[PDB]
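In what follows, a structure is listed as structure tokens, so that the remarks can point back to it.
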Ligand SMILES: CCCCCCCCCCCCO[C@@H]1O[C@H](CO)[C@@H](O[C@H]2O[C@H](CO)[C@@H](O)[C@H](O)[C@H]2O)[C@H](O)[C@H]1O
Ligand SMILES: CCCCCCCCCCCCO[C@@H]1O[C@H](CO)[C@@H](O[C@H]2O[C@H](CO)[C@@H](O)[C@H](O)[C@H]2O)[C@H](O)[C@H]1O
């Protein structure tokens, strides 16, 4: 039952302000200090702000003081983070962590998955999925390769499954890459027995929450 | 019953050491801080050393620190003062005083008469008492005058009483004077009814603790 | 600010050997140091705190020691799932600081990659550009060299690679290379080759196709 | 060291008027000041402490006030026995200091002295020297002039005076003058006179005797 | 706060010693240089019915002597100190001959300025007196208490 | 000194808070930078049967974290600290789930170094716990006591 679920993250414009919230469960919220930790794209961990169980003692990092304000609501078991006048340097996965004691202890035994906050003046763009048809070289071990190409989207992320979560074994989703157009591109492949490319159907399903667009594409030989 | 009686004073040689003791009564000794105050010949009061009720806290004056050591015995109600390596400047009347509170309070509600300490190199000398016989002028108001002359002694003091303390009214003991021989000389007179110079006996008693000599001399017409 | 300097920044060890990561503070921080474990897209885990206290639910093979300025995280029987980035954090003074992190990958027996090549999908070409995709499936080490030759002509800055994380099971890697060309330029030729070289291949493997 | 300066150093007041003695500290001493009373050969008595607290058993006519640096002891209905030296003492810091003191004598109506003369006791003469004694009994003021004339011849450095303390009742004084001479010189003459002059005498009183 | 009924001001006069003290906030007495760590020495009643108080308290690295006047009010055993904050003193109990119990609070913050003390006539430890003090305290939000020894009472500012 | 009987070391493990503390000598706890003013945080039992202790205490104008090992002895609920003076810890009582009471003394001076504390699992004020603490203290020569608030417990070194 013990868990931490953060939310509120999304695409925000330079100068605007966003409010992140963290939902707690499985423990007595008011008995533990809470803290926000962030991680900039492909960078290490960075502490942001901390708060005691009562919330009367908070602490921030200089790179955010005056702009961010931490808070907590001991009633709904929620931890908040007000981000005002957001700079580009604020783009990161904001993690929610729980301290071992009532005050800002320093170490945290419980973390949440985090929320991605992307600060750009860029507009949300849904991707385009293209099939990666099994080449005639489908006779390379009796197992043919195939996948999908989700091109030009923003911001991140973009989840991809095969045959609606049924096809797992052999699936290889590649990390997204930032194209020279500022848009993101990704690819997802899977290995299957070439002996089933005639009766079995292989379809990748990509979802881009930001663009609010789901897509189904079939990979045929 | 409440009183303070000091003793130990006498003639002491430069460099030698003497121990002064103060006996208390009429109050609870250990409940009060004690102090020593002295007074050099014809000079003002001078604080010497202090001690708390327990005696664990003592304090001295620079002019005596390292030479004098204060102490107390909460069993016999006695306050001590150890004078080592006595200088000439230590000649004075050492007064014993009781503090209002358990610590060295600073103010003292009870004092003793003091003891005279004379630090010199001269030798002790007992005085000579001569009678001051009532002149034939004993018919000057029906009251005749008569006294004693304690001459050539050292050091001081020298107490003088009349008829063993019984005769008080009219007694006038004069302050001692330093004679050109370095010795002290004093005189003590008393007024009595000339109509009793035939049935009453008048005898002055002088005691010189230093010389360790008591004396009785009668004053006849 | 106290600066935490971890070492090494990245390490490769065989499942079984004992690994040791160091962390040094820009100044004495007492014994207020913690070690966290973070895996791709997963919630960081607290392993050690107070320099040597082992968080509940963490295997005894993880240990931590140190004091004053130098601290160290030791992992005894390295497992295939011990792969991750380890971070040290201090909490002696504010701001609390993390170490640059140590990335630990698991060593394995060399494995040649299975190369595949995908032609641009007509739906894409019907836009203005074309993306040629080449796939390197299940291999080790991660080091691989891919080349794009159009009509037997090398290429540069026209392709980008992307590598998956080390499989939590087979401990292998998968790489993708995408060559970008305008729909017109794609028409200007017809011979597209993907020549791949890996330590598990005695000779370069080239998969190709024609418009 | 805190220096306590009292003022005045000596005072004369008629029994009944109110007297005031001042005491100033070389620095602020809060309200930690006390007033003691000392009489000849007697034990000093604590009158006031904490600047204005009156010690038990002390008549209400004694009062004390002041603060910081200036303090003052006031005596209302001055009595004949209020004669003594008053001292102030501070206990703010060590060493504890006393004031030079203020000597208070009781003003009184002039009173002539009763002069007497005592011949050398034969017991003394049988030693080698002779002491001639002259007594001034009960008088005021304290100022008195005594002269020794042997066979109508003045004297110098052959006599010494000694004065009693101001009687606690009649507020009068008593003086003694002793003329010293070798037993032989005493024999060289026979006319010994003691001429005394005082403000209470319209003319010098002379008491004498002959061997 | 349930204080003694009528009090005979004329009899509390004389010397006293601060045996023990307590306060609602640790900072009030924590560290010798505390704002409420005062020591009673003398209680001198004035003709107008007020009570002068001679006491000691730490002030800038030095023990200081101070004389305070607690003015009687229209309330039994309750006096007032003209000093800022309007500190109020309440006499909880007293036998006049051995012990005396009082508390003091600042009207400004009657939550973070409540100190109480147990005084005594002689510099001895009165166990029975401390008893009544502990008893009267079990109903107050005291978060710090101190008790002294005869030797400690020998100090103007208590060892 | 009449300590608890057999103690289940395995169950006292976990997080704790120092709610209240007392000492035989004021100086032992007087002023935050005291020599026995420590705060328990964690109790980690070792395999050999010993007990590791994570605590905080003031040291030269700064709160410091320290790990101490109380070695079990041939006496029920009595452990020993290898530190100088040979401080001995005694577990007076505990319910394992809410409170725990202990004292610590230095063999060198078993008269001027006796401190005791009341720990608790949650950062809340356990009146019943404090009760058992006051009760077990009425027989000891404590001359200073301190109790903390939930907010003060949010401080590594207690406000
Ligand atoms: C049975 C009888 C018992 C009688 C008990 C009488 C107790 C009398 C207590 C008086 C206490 C006065 O206590 C004192 O008050 C003043 C305000 O006036 C406070 O404030 C004072 O010091 C602070 C700094 O610390 C200054 O910033 C402030 O300007 C100054 O006025 C002191 O911090 C407090 O220590
Ligand atoms: C359920 C079981 C719970 C068991 C809890 C056991 C707690 C044991 C605590 C031991 C604490 C020792 O705490 C330590 O004591 C020493 C004296 O010996 C103090 O004094 C020490 O440091 C100071 C400077 O800070 C020096 O000036 C001093 O000479 C030195 O001895 C320390 O300031 C104090 O931090």
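Chain F is numbered as in Swiss-Prot; the shown residues are, in order, 20-178.
Including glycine, each Cβ sits where the backbone N, Cα and C put it.
Copied from Swiss-Prot, the annotated features are:
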DISULFID  F:82-F:176  disulfide bond
DISULFID  F:122-F:137  disulfide bond
DISULFID  F:122-F:135  disulfide bond
Spatial neighbours of residue F:122 (disulfide bond) that are distant in sequence (at least 6 apart) but have CB under 8 A: F:20, F:108, F:109, F:111, F:133, F:134, F:135, F:136, F:159
Integer Cα-Cα distance in angstrom, residue F:137 (disulfide bond) to residue F:176 (disulfide bond): 16
Which of F:135, F:176, all disulfide-bonded residues, has a Cβ with the fewest other Cβ atoms inside 10 Å: F:176
Entry from the disulfide-bonded residues list F:82, F:137 having the most other CB atoms no farther than 10 A: F:137
Helix, strand or coil at residue F:82 (disulfide bond) [DSSP, three-state]: strand
Structural state of residue F:122 (disulfide bond), classified by DSSP into three states: strand
